[PDB]
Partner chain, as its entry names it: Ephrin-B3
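Form deposited without the partner chain, single chain, as structure tokens, below.
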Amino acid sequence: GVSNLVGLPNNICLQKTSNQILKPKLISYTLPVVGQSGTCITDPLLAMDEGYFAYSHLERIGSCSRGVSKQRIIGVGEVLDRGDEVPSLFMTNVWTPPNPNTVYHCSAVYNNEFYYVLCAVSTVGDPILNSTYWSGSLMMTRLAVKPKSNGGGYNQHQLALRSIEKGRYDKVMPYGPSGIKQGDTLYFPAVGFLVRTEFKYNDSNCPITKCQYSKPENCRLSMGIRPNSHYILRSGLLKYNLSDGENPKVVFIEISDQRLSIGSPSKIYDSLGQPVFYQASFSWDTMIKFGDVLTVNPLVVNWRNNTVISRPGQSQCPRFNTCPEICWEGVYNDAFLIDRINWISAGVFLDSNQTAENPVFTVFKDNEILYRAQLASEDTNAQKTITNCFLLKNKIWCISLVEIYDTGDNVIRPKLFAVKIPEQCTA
């Protein structure tokens, strides 16, 4: 079957090459995302663990940003080899909340037959864009990956969050596609909203050395979505111990201050016997942020010193920016570690400076891109990108979800690709 990337997988190519040895296969049609002309599919989540996956999206009628929310899909299922010997996703269980207008920022963790999905519940829109008026309310659903006919609360049911420990943070919420379980406590990528006049930051920790026109205040102002924001954002994890009587709390853990950046969508995952953490770059530090997790609680991450991977921005903080500016921009494009011995990772990235376009599956190390494969056209518009890799017959496969703009219908939709990591550098 399909299993996590653990133990001693088949060899992969380790050399920088321009040979086309990556051969992505399009596998969207196994999920309900091929879509209908007058509908936009937005706000996707994909998560994978132990032969299962959780998937979520919102469908809007008309406009992609201001359209009417038709339905929120939350499904789980299994990753299975089609006869082809190629992995693909198959739903087994799907749920829709009663009110699709109010669910935001879902995040999934798998544990022993069930996926847990933590979401924000808001009556004032995306909580990030109006945080003062957001109530801070949360919701968690449990889905069985193996539905059992008329299974009452086994198949689906919601859990009650009657206690949130958030220390000195006003509000706390899930903020990233997926997390990890730890026999058997759950950890969700999350973010904390700290009242700005409580943020202890020493401006003399802001790298201005040969950054022309970069005031040392910039690193503190950029910790909120706006230089005058009431809150600043701090990434971290939400802990949820399943073995806590009957009302397990949720405890916020903040990310350490090494290479601090405004809280943004993040991800924690298990690769080869140890957890990795990825944090999207939504401000001035535009080089990819991920690394082995030194310790989970408290959270400290051994950020890689990657010099080749970045992400497109706008005028102020374009791709490859490293100088402290005041900005809130960027895109979520994560990377999955596939070989620790050599620290090689795979991800889909947008190969452009100031426009979100040209999605390229790329395998890479800290200072070298080894090889790559265009996923669409060089002026294809794209956004969020979520990669998970695993084993199929001891061979490493990755599955990437990529938000692509469809020029026919003028709407975005998730495309799924399955990519085998080449076991040799010649075709």
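Positions refer to the first chain, counted from 1. Think of the rigid core as the biggest set of C-alphas that the two forms share within 1.5 Å after superposition.
Below, we refer to the form solved in complex with the partner chain, which is not included among the displayed structures.
- Contact check for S315: a non-hydrogen atom falls within 4.5 Å of the partner chain in the deposited bound form.
- Residue contact with the partner chain in the deposited bound form: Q354 places a heavy atom within 4.5 Å of it.
- The closest heavy atom approach of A373 to the partner chain in the deposited bound form falls outside 4.5 Å.
- Taking the partner from the other structure, the partner chain in the deposited bound form has no heavy atom within 4.5 Å of any heavy atom of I21.
- Between the partner chain and the residues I232, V331, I253, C206, the one pair within 4.5 Å by heavy atoms in the deposited bound form involves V331.
- When the partner chain is considered in the deposited bound form, only one residue from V363, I399, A382, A54 comes within 4.5 Å through any heavy atom, namely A382.
- Residues from 384 to 406 that approach the partner chain in the deposited bound form with a non-hydrogen atom closer than or equal to 4.5 Å are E403, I404, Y405, in the order they occur in the chain.
- With the core fitted between this form and the one not shown, just one of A376, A373, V33, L392 shows a Cα displacement of at least 2 Å, namely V33.
- Relative to the superposed rigid core, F417 undergoes a CA displacement smaller than 2 Å between this form and the one not shown.
- Core-superposed comparison between this form and the one not shown: the Cα of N11 travels less than 2 Å.
- With the core held fixed, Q20 shows a CA shift below 2 Å between this form and the one not shown.
- The pair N358 and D406 approaches in the deposited bound form: their C-alpha atoms are at least 3 Å nearer to each other than in the form depicted.
- Shown here is a form in which the CA atoms of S352 and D406 lie at least 3 Å farther apart than they do in the deposited bound form.
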